[PDB]
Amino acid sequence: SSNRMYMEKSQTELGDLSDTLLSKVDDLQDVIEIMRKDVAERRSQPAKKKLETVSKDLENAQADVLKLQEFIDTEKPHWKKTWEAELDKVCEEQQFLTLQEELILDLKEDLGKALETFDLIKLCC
């Protein structure tokens, strides 16, 4: 597996993990708002079985949150090193082009002066 392929697969994995958790949190928020609205305005209580399942869904989301943070924490340092490698290489290649462009201008100048000098020499002869 290349550095580039590892980057793209691991970032895709990150996106899938946070996406799955986002949808679980969205679902939890909906269920809990139904509960809050009923208690607040009607003093009507949720079913006991629902309190139980929400309790466990909250516990599961807490666990997933920790795993998501661990994924970011473990992968991030390697991602930065991968980017640094690619960016440093591009920078050096752009600087090379720039240096080569200045060099050819210097060569044309130097060759032009050599020609003129050689022409003077031939005239003198």
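Numbering starts at 1 and runs along the sequence shown.
K.L.:
What stretch has the higher average Cα B-factor here, 35-43 or 88-96?
P.N.:
Per the PDB entry, the higher value belongs to 35-43.
K.L.:
Taking the mean of the C-alpha B-factors per stretch from the entry, tell me the winner out of 52-60 and 76-84.
P.N.:
Between 52-60 and 76-84, it is 52-60.
K.L.:
Taking the C-alpha B-factors as the PDB entry records them, is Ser23 in the lowest, middle or highest third of its chain?
P.N.:
Highest third, going by the recorded CA B-factors of the chain.
K.L.:
Please say which third, lowest, middle or highest, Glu13 falls into when its CA temperature factor is compared across its chain.
P.N.:
CA B-factor rank for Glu13: highest third.
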